[PDB]
Amino acid sequence: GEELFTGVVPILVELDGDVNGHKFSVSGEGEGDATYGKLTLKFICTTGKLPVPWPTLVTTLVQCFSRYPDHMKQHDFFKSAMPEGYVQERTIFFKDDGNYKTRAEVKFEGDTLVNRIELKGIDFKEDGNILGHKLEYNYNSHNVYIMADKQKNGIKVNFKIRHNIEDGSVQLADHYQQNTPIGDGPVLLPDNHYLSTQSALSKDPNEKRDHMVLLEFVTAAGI
Numbered sequence: 004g005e006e007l008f009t010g011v012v013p014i015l016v017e018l019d020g021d022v023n024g025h026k027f028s029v030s031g032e033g034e035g036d037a038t039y040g041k042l043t044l045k046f047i048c049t050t051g052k053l054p055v056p057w058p059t060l061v062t063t064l068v069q070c071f072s073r074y075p076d077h078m079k080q081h082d083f084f085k086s087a088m089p090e091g092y093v094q095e096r097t098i099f100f101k102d103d104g105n106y107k108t109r110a111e112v113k114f115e116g117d118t119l120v121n122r123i124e125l126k127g128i129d130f131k132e133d134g135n136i137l138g139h140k141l142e143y144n145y146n147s148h149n150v151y152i153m154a155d156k157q158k159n160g161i162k163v164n165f166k167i168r169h170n171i172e173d174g175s176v177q178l179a180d181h182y183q184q185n186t187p188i189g190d191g192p193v194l195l196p197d198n199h200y201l202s203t204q205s206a207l208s209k210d211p212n213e214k215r216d217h218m219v220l221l222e223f224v225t226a227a228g229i
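Under the deposited numbering, residues 4 to 64, 68 to 229 are what the sequence shown spells out, in order.
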């Protein structure tokens, strides 16, 4: 799996979502360079105005691009599952608000790494921080904890994202995640470790569509 990530790989992201009845689609394109744990992508809401804040979608919209230090390479489940890919499922609970449930398949289609996602959000408050668009357009650094799930030949991952709200407070989004390989081939099951992430969101001055440009760095640590 590792050999497929030694250079710059193009990425395509396609998401179909329904949050409280509001249906939307997002498409993104960019490139990933796992040697530096770097991702540069531009996402566009192809159905009009996004009904939820863009920051709430970052974690859903390719951890195989994380940089794993040489001494930890035998712990990189993500790249070990390629090119056949892996299924990535999550429930994301927004504190004092609704939850997203997501199911995604991440795999290569030719030499393009593709992330195809289905997202369903329910129980959001119409006046809450999410449907009421009260989140700032920025993003914090977080640690993402990984454990092997030997029973399913996959991994379980959990972390908490802190979204800044415009009145200065914080909206917590607890993430529970499971990844399992698509192939029947072997994968690497890791010892407990974590990924350190940092993300910068920006806008394209020439773009009129509802969009988000994202620059992210992720490196594995803990061993």
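Backbone N, C-alpha and C define an ideal beta-carbon position, used for all residues, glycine too.
Could you pull the DSSP bridge partners for residue i from this structure?
i	result
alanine 87	Paired residue(s): none; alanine 87 is not in a bridge.
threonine 108	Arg96, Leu125
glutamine 184	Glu95, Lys162
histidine 139	Looking at the DSSP assignment, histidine 139 forms no beta bridge with any residue, so it has no partner.
In its own chain, which residues sit with a C-beta less than 8 Å from the C-beta of residue i, not counting the 5 before and 5 after it?
i	result
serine 28	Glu17, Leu18, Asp19, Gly20, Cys48, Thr49, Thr50
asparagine 105	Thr97, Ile98, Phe99, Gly127, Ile128, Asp129
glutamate 32	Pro13, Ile14, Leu15, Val16, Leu44, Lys45
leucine 7	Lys85, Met88, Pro89, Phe114
Apart from the five residues on each side of it in sequence, which residues of its chain come closer than 6 Å, Cβ to Cβ, to residue i?
i	result
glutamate 95	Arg109, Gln184
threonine 225	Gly40, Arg73, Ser202
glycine 35	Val12, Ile14, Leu42, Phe71
Give me the residue from the options with the minimum Cα distance to residue i.
i	options	result
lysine 52	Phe223, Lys162, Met218	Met218
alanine 227	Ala179, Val150, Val176, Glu213	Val150
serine 30	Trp57, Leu7, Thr9	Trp57
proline 54	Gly10, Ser147, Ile136	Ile136
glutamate 124	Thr63, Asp36, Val163	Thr63
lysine 107	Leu60, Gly138, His148, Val68	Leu60
Would you report the Cα separation of residue i and residue j, rounded to the nearest angstrom?
i	j	result
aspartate 197	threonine 38	21 Å
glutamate 132	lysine 209	26 Å
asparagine 23	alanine 154	33 Å
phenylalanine 114	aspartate 190	16 Å
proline 211	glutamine 157	48 Å
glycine 134	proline 75	41 Å
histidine 77	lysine 26	44 Å
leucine 194	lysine 79	9 Å
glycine 4	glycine 91	10 Å
Could you give the residue range of the beta strand (DSSP E) that holds residue i?
i	result
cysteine 48	41-48
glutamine 204	199-208
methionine 78	Neither: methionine 78 is in no beta strand (DSSP E) and is coded neither H nor E.
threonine 225	217-227
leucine 18	12-22
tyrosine 151	148-155
Excluding the 5 residues preceding and the 5 following residue i in the sequence, name in chain order all residues of the same chain whose CB lies nearer than 7 Å to its CB.
i	result
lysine 140	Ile171, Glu172
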